[PDB]
Amino acid sequence: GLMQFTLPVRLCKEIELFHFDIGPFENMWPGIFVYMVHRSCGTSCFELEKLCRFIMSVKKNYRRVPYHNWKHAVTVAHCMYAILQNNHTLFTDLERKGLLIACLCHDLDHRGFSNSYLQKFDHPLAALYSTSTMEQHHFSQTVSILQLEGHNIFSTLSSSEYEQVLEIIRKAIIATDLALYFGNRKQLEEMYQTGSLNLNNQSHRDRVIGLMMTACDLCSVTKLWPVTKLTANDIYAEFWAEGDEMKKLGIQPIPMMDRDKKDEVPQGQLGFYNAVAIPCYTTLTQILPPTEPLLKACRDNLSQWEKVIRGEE
Ligand SMILES: Cc1nc2ccccc2nc1CCc1nc(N2CCCC2)nn1C
Ligand SMILES: [Mg+2]
Ligand SMILES: [Zn+2]
């Protein structure tokens, strides 16, 4: 009750910044997450015993893949923490509770393969969930863990509040399907520009939270250049394994997943920053002005990938 989580001075200061790296010490990541819930939500949002037990079951259900692992989960939650803290008054008590949990859970039991590979492999999950295959699985795994004995961190919520928070978590996790991001951001762009965007419209909040989820999920592009560059190695280690698996099924993979096209990585990053990252943090800064450091940091890393192409590294 009177038990605050504190972090060492350097972490206590740097964790407030968008570009914070959670570091290589796995055993501190739960403490980091709790610290963020307490400062973002309150020391009263969750029974500590239940929260800790939930965090550790979530961790257990992330796999040892190069990118879509437990570190990704806590990184994506830290980004969401930075957004919520720099936009204090714009979000309900239920959204603050729900979104940090949604981010921790958003890639639960990921196998390091895209929805496309599941569908071409004919994985059982692809028959159970025809679109956003993995993302419906991730939400499904969230509900599973919430229903384990001693794991209901939402037990104090009313029947209807409980249903509202599970519906926030569901939409938030479905929105991490990048196939959905393009349309979602186009609509938000138009709505902001015609001045029709209304944060009292529940379907408008949904879209805005959806863009935040893309923002947090892509936040590897908003870090210091050495974090960004080294994370890219993990990302491509997954994609190239998937490319290998595509070739095993007798399918030429897309270039992004072909390890034979290593040399084109710098150009592929450019495309991605221009087609996805920049547009994402642009629209997000327009709708939420205090998230501008994500756009600024994204542009800095784009400039770093241009430097790689020019042979300056
Ligand atoms: C999908 C994706 N998500 C990321 C999320 C966060 C940080 C970096 C990310 N990088 C990518 C990969 C971008 C990409 N690479 C290539 N290649 C085509 C030939 C060689 C490389 N094409 N594209 C689109
Ligand atoms: Mg995902
Ligand atoms: Zn993710």
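Residues numbered from 1 in each chain as written, not as in the entry; some residues may be left out. Chains lettered and ligands numbered in written order. Heavy atoms only, no water.

As documented in the archive entry, the model was determined using X-ray crystallography at 2.2800 Å resolution.

## With respect to the site of ligand 1
Stated precisely, the cut-off is as follows: The rule for a residue being near a molecule or strand is that one of its heavy atoms must lie within 4 Å of it. Counting of polar contacts relies on pairs of N or O atoms within 3.5 Å, with two restrictions inside protein: one atom must be capable of donating a hydrogen and the other of accepting it, and residues adjacent in sequence are counted only when both atoms are side-chain atoms. For the accessible areas, the method is Shrake-Rupley and the probe is 1.4 Å, while residue cover comes only from the protein chains on display. Only runs of H or I of at least four residues qualify as helices and only runs of E of at least two qualify as strands under DSSP, and these elements are numbered from the N terminus.
Around ligand 1 there are 14 residues in total, and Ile235, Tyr236, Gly268, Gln269 and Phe272 lie nearest to it. The separation between a nitrogen atom of ligand 1 and a polar side-chain atom of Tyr236 is 2.7 Å. Within the side chain of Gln269, an N or O atom sits 2.9 Å from a nitrogen atom of ligand 1. Look at ligand 1: alone it shows 540 Å² of surface, and the protein chains cover 84% of it. Elements supplying a minimum of two residues to the shell around ligand 1: α12 (225-248) and α13 (265-287).

## Here's the deal with the coordination of the zinc ion (ligand 3)
Short version of the rule: Metal coordination here is assigned from N, O and S atoms located within 2.8 Å of the ion, or within 3.2 Å for Na, K and Ca; omission of water means that sites may look incomplete. Labels for metal geometry use angle windows, namely 85 to 135 degrees for all angles of a four-donor tetrahedral site, and for square planar (four donors) or octahedral (six donors) sites opposite donors over 155 degrees apart plus all others within 65 to 115; sites meeting none of these are irregular.
Looking at the zinc ion (ligand 3), the protein donor atoms are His72 (NE2), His106 (NE2), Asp107 (OD) and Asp217 (OD), and they sit 2.1 Å from it. One can describe the site at the zinc ion (ligand 3) as irregular: its 4 donor atoms subtend angles covering 86 to 174 degrees at the metal. In the primary structure, the donors to the zinc ion (ligand 3) are separated according to the pattern H-x33-H-D-x109-D.

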